[PDB]
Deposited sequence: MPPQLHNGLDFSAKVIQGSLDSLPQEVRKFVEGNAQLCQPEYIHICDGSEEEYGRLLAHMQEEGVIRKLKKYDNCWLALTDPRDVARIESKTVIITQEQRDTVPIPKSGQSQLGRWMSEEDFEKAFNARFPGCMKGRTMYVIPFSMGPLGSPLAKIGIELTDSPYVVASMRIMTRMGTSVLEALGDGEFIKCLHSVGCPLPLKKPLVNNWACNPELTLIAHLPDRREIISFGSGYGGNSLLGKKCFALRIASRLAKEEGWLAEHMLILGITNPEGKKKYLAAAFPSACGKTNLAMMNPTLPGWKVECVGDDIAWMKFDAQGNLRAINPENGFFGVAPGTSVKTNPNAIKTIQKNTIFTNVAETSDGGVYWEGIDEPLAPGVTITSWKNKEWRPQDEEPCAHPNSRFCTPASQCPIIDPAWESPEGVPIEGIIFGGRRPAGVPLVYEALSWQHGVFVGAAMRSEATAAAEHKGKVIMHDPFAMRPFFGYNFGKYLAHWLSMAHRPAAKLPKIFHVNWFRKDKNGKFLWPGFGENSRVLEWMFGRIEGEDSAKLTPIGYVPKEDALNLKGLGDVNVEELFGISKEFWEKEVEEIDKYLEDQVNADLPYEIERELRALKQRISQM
């Protein structure tokens, strides 16, 4: 009952009553050998890294300043949606009841089934291991938008990564007090003595992997995987799934959006948010190096945004994270030079390749290696240019190290969002940029998002939230629409972008990268009320010569902004059937109305 004798750091007595209960009740259940209450200190961090190094769990990267490499079990390398569930009394609160097929907008599990699953996994699960108690805040410590969690885990890798990806340690505990917190429980599911072989010194249990959310109990319970999205419970589980439910209840928004600040040559600054599918491109835009002279781009965050209208009706956003857990492959000086600078210090890498001189390597890194330098792949074999890095391999780096981190990125009141950008991977039919005709149309544009996966398949990913909805997507849509009836709400301009448009030959029509600053300039000007737009059936596009195309030469703007009736007829039809099937009885009136209006404008082409 009393686990005081097994505490190796901190004190049960010093914790708040409800934090003590959570820790102890789970210590009784999981049966850890020790309990380690994290203080978040450098001493704690450095010593835990050194200990993972002793046990072959991580390798130090001698080329850089305090960087580390973990290579995982090939079976445990990404989020598993088919094993990710939300528990509520009624299925319909978690997912809309689909008309004809299976739901693509979430996975419900009953309380009864979950309790059985829990009981078959967690008892004894931490035997012989340390239970780490991680107090963490999501958002700047003083922010009224910030929310506090306690994560218990038996993985040192999760602890170190949480120190980066959240604000972690003693000060969180002192701030929390007798307040409320999200209860976060995680185990890798490998009690000692090990029943099964350990692969690549990476403890996991694929067969029993389960990532569960119980919003009504304020608990996140995750078993069997050590990989980021499944084990860093503050991130997807808390900051999108639980938080989007809380957001709905409390009248704010929790979204899968990057946040950047952009300043023009006359000193005026605006903040924008953007939701793109997990098929990334977010971190690139969030850290964009703008080519346009006199423009500046600074990063507030690259993944998640918690947004709330303030008393003045401004939509205020914070980044609830403390770091960047970005996709490593494809990251280069060319694609994201700001990312390269960030990750050369104090960064934990996972499943990337290692050079013989202790550097990192991945596909699309585009840095020649000196003759003499050989490469060891993420699978721990020598490698010759099978990919040297796993395609979902990662870097985990502090946000404060980004050389263009926004000076207001930790401001407790957040930053005012004046524009919201949706977008996706569309080779055909969708213009480079357009602007929604209204808030209601803008919500429909988010609802309608489609993107080509990596023959090709084009999938729906509404609001970039398909894997992340905390609750019924229809009600989520209703929640977005309600904002139009909030008292002083200054509703931001909604835009949609497609970097991926190809010509007949399969070649990109837009150069992208830092040239995307040119599209951001147009957005900026439209927010200022400029007359730079032309009306089309799908929304406003830049009118003749509105974009700055100087220094690019002859970009084919006709094709790049071409809108075909036959394509868009097909598009609205496909969207109609998707919303009817997947949202069904929960599709709000106003979304059906936007659908009809779009169909109608197209038919008149």
| item | value |
| --- | --- |
| Sequence ranges without modelled C-alpha atoms (deposited numbering) | 1-8, 394-396, 466-471 |
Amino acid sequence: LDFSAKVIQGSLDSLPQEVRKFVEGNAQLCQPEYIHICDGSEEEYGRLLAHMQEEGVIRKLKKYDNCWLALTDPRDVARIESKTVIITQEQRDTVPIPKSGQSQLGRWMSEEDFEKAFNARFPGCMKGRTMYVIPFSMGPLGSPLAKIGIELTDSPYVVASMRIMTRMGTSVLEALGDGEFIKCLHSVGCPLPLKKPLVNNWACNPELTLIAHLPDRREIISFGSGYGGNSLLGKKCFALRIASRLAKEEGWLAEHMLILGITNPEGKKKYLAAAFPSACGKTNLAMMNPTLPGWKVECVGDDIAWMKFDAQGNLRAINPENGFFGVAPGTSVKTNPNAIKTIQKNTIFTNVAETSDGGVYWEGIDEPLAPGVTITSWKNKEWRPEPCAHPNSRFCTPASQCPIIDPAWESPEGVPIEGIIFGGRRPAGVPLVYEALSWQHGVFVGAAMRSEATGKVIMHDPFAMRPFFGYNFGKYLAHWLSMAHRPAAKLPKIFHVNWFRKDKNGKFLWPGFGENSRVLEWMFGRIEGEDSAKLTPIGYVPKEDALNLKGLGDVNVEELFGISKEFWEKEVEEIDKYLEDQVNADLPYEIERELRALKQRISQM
From here on, numbers count along this sequence of modelled residues.
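Think of the rigid core as the biggest set of C-alphas that the two forms share within 1.5 Å after superposition.
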property: Positional deviation of Cα atoms in 8 other deposited structures of this protein after core superposition, greater for 220-228 or 271-279; result: 271-279
property: Stretch with larger C-alpha RMS deviation in 8 other deposited structures of this protein, core superposed, 545-553 versus 38-46; result: 545-553
property: Greater mean Cα temperature factor according to the PDB record, 391-399 or 148-156; result: 391-399
property: Between the two ranges 435-443 and 348-356, the one averaging a larger CA B factor in the entry; result: 348-356
property: Residue selected from 166, 244, 84, 505 by maximal Cα B factor; result: 505
property: Member of 404, 138, 117, 185 with the greatest C-alpha B factor (per the PDB record); result: 404
property: Chain-relative CA temperature factor third for residue 450; result: lowest
property: Lowest, middle or highest third - CA B-factor, residue 594; result: lowest
property: Chain thirds of CA B-factor: placement of residue 77; result: middle
property: Chain thirds of CA B-factor: placement of residue 274; result: lowest
property: Ranked against its chain, the third holding the CA B-factor of residue 363; result: highest
